[PDB]
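J.: Below you'll find entry15.txt; it's compact mmCIF, N, CA, C and O atoms and all ligand atoms.
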```txt
# COMPACT_ATOMS: atom_id res chain seq x y z
N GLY A 444 114.94 138.73 111.44
CA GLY A 444 115.95 139.72 111.14
C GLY A 444 115.54 140.64 110.00
O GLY A 444 116.39 141.25 109.35
N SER A 445 114.24 140.74 109.77
CA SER A 445 113.72 141.59 108.70
C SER A 445 113.00 142.81 109.28
O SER A 445 111.85 143.08 108.94
N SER A 446 113.69 143.54 110.15
CA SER A 446 113.12 144.72 110.78
C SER A 446 113.14 145.91 109.82
O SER A 446 114.19 146.30 109.32
N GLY A 447 111.96 146.47 109.57
CA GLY A 447 111.86 147.61 108.67
C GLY A 447 110.45 148.15 108.58
O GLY A 447 109.62 147.62 107.83
N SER A 448 110.17 149.21 109.33
CA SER A 448 108.84 149.82 109.33
C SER A 448 108.83 151.09 108.48
O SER A 448 109.48 152.07 108.81
N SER A 449 108.08 151.05 107.39
CA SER A 449 107.98 152.20 106.49
C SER A 449 106.94 153.19 106.99
O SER A 449 105.74 152.92 106.95
N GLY A 450 107.41 154.34 107.46
CA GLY A 450 106.50 155.36 107.96
C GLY A 450 107.14 156.22 109.04
O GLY A 450 108.36 156.23 109.20
N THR A 451 106.30 156.94 109.79
CA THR A 451 106.79 157.80 110.85
C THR A 451 106.23 157.37 112.21
O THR A 451 106.89 157.52 113.24
N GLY A 452 105.02 156.82 112.19
CA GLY A 452 104.40 156.37 113.43
C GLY A 452 104.39 154.85 113.55
O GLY A 452 103.56 154.18 112.94
N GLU A 453 105.32 154.33 114.34
CA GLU A 453 105.42 152.88 114.55
C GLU A 453 104.41 152.41 115.59
O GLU A 453 104.76 152.18 116.75
N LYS A 454 103.16 152.27 115.17
CA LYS A 454 102.10 151.82 116.06
C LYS A 454 101.18 150.83 115.36
O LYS A 454 100.87 150.98 114.18
N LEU A 455 100.74 149.81 116.10
CA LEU A 455 99.86 148.79 115.55
C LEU A 455 98.54 148.74 116.32
O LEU A 455 98.50 148.33 117.48
N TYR A 456 97.46 149.16 115.67
CA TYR A 456 96.15 149.16 116.29
C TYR A 456 95.66 147.74 116.54
O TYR A 456 95.60 146.92 115.63
N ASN A 457 95.32 147.45 117.80
CA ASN A 457 94.84 146.13 118.18
C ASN A 457 94.33 146.13 119.61
O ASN A 457 95.03 146.52 120.54
N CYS A 458 93.09 145.68 119.79
CA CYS A 458 92.47 145.63 121.11
C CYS A 458 93.03 144.47 121.92
O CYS A 458 93.02 143.32 121.48
N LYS A 459 93.53 144.77 123.12
CA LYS A 459 94.09 143.76 124.00
C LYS A 459 93.10 143.37 125.09
O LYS A 459 93.14 142.25 125.61
N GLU A 460 92.21 144.30 125.43
CA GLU A 460 91.21 144.05 126.46
C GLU A 460 90.42 142.78 126.16
O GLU A 460 90.52 141.78 126.88
N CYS A 461 89.64 142.81 125.09
CA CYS A 461 88.83 141.67 124.69
C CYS A 461 89.59 140.78 123.71
O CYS A 461 89.35 139.58 123.63
N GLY A 462 90.53 141.38 122.98
CA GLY A 462 91.31 140.63 122.02
C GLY A 462 90.60 140.45 120.69
O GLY A 462 90.19 139.35 120.34
N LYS A 463 90.44 141.55 119.96
CA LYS A 463 89.77 141.52 118.66
C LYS A 463 90.44 142.47 117.68
O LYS A 463 90.73 143.62 118.02
N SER A 464 90.67 142.00 116.46
CA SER A 464 91.30 142.82 115.43
C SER A 464 90.27 143.26 114.39
O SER A 464 89.89 142.49 113.51
N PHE A 465 89.84 144.51 114.50
CA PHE A 465 88.86 145.06 113.57
C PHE A 465 89.47 145.25 112.18
O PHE A 465 90.69 145.21 112.02
N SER A 466 88.61 145.44 111.18
CA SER A 466 89.06 145.63 109.81
C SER A 466 89.41 147.09 109.55
O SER A 466 90.31 147.40 108.77
N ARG A 467 88.68 147.99 110.20
CA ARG A 467 88.91 149.42 110.03
C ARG A 467 89.76 149.97 111.18
O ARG A 467 89.41 149.83 112.35
N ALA A 468 90.88 150.60 110.83
CA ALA A 468 91.78 151.17 111.83
C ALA A 468 91.06 152.22 112.67
O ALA A 468 91.03 152.15 113.90
N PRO A 469 90.47 153.22 112.00
CA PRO A 469 89.75 154.31 112.66
C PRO A 469 88.77 153.79 113.71
O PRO A 469 88.71 154.30 114.83
N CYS A 470 88.00 152.77 113.35
CA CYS A 470 87.02 152.18 114.26
C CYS A 470 87.71 151.42 115.38
O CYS A 470 87.24 151.41 116.52
N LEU A 471 88.84 150.79 115.06
CA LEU A 471 89.60 150.03 116.04
C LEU A 471 90.13 150.94 117.15
O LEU A 471 89.98 150.64 118.33
N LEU A 472 90.74 152.05 116.75
CA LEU A 472 91.29 153.00 117.71
C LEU A 472 90.22 153.46 118.69
O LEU A 472 90.48 153.62 119.88
N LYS A 473 89.01 153.68 118.19
CA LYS A 473 87.90 154.12 119.02
C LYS A 473 87.37 152.97 119.88
O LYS A 473 86.91 153.18 121.00
N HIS A 474 87.45 151.75 119.34
CA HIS A 474 86.98 150.57 120.06
C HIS A 474 87.80 150.35 121.33
O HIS A 474 87.27 149.92 122.35
N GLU A 475 89.10 150.64 121.25
CA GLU A 475 89.99 150.47 122.39
C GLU A 475 89.59 151.40 123.53
O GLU A 475 89.81 151.09 124.70
N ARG A 476 89.01 152.55 123.18
CA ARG A 476 88.59 153.52 124.18
C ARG A 476 87.25 153.13 124.80
O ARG A 476 86.94 153.49 125.93
N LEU A 477 86.45 152.38 124.04
CA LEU A 477 85.14 151.94 124.51
C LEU A 477 85.28 151.04 125.74
O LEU A 477 84.38 150.97 126.57
N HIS A 478 86.42 150.37 125.84
CA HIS A 478 86.68 149.48 126.97
C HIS A 478 87.03 150.28 128.22
O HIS A 478 88.19 150.35 128.62
N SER A 479 86.02 150.88 128.84
CA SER A 479 86.21 151.68 130.04
C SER A 479 85.70 150.94 131.27
O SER A 479 84.65 151.28 131.82
N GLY A 480 86.45 149.94 131.71
CA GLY A 480 86.05 149.17 132.88
C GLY A 480 84.72 148.47 132.68
O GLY A 480 84.49 147.83 131.66
N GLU A 481 83.85 148.58 133.68
CA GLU A 481 82.53 147.95 133.61
C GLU A 481 81.46 148.87 134.19
O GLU A 481 81.68 149.55 135.19
N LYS A 482 80.30 148.89 133.54
CA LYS A 482 79.19 149.72 133.99
C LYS A 482 79.59 151.19 134.02
O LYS A 482 79.79 151.78 135.09
N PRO A 483 79.72 151.80 132.84
CA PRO A 483 80.10 153.21 132.70
C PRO A 483 79.00 154.16 133.18
O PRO A 483 78.18 154.61 132.39
N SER A 484 79.00 154.44 134.48
CA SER A 484 77.99 155.33 135.06
C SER A 484 78.46 156.78 135.01
O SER A 484 79.18 157.24 135.89
N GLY A 485 78.04 157.50 133.97
CA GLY A 485 78.42 158.89 133.82
C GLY A 485 77.99 159.74 135.00
O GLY A 485 77.40 159.25 135.96
N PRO A 486 78.29 161.04 134.94
CA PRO A 486 77.94 161.99 136.00
C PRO A 486 76.44 162.24 136.08
O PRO A 486 75.89 162.48 137.16
N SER A 487 75.77 162.17 134.93
CA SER A 487 74.33 162.40 134.87
C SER A 487 73.96 163.72 135.53
O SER A 487 73.08 163.77 136.39
N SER A 488 74.63 164.79 135.11
CA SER A 488 74.37 166.12 135.66
C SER A 488 73.16 166.76 134.99
O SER A 488 72.65 166.25 133.99
N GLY A 489 72.70 167.88 135.54
CA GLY A 489 71.56 168.57 134.99
C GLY A 489 70.30 168.36 135.81
O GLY A 489 69.78 167.25 135.83
ZN ZN A 501 87.77 145.20 122.39
```
Spell out the structure here as structure tokens.
T.:
Amino acid sequence: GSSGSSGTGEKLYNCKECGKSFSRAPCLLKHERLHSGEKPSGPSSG
């Protein structure tokens, strides 16, 4: 019963794919994007 979030953005950075809590938020947010399925085969254009 102690609900109270100080701020404007009520979001908690945390990877659910592999399940790992990084120390750096910035790096964590990017880590969540790194989880793009399996075998990221880009377009390889050019
Ligand atoms: Zn992860």
J.: Check every protein, DNA and RNA residue against ligand ZN 501 (chain A), keep those with an atom at most 8 Å away (counting all atoms listed in the file), and present them as a list in words.
T.: residues 457, 458, 459, 460, 461, 462, 463, 464, 471, 474, 475, 476, 477 and 478 of chain A
J.: Please compute the CA of residue 448 in chain A-CA of residue 473 in chain A distance, one decimal, in Å.
T.: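 Atom-to-atom, CA of residue 448 in chain A and CA of residue 473 in chain A are spaced 23.5 Å apart.
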J.: Using CA of residue 456 in chain A and CA of residue 470 in chain A as the two end points, give the distance in Å to one decimal.
T.: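 Pair CA of residue 456 in chain A / CA of residue 470 in chain A returns 9.8 Å.
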J.: By how many Å are CA of residue 479 in chain A and atom N of residue 453 in chain A apart?
T.: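 Atom N of residue 453 in chain A lies 24.9 Å from CA of residue 479 in chain A.
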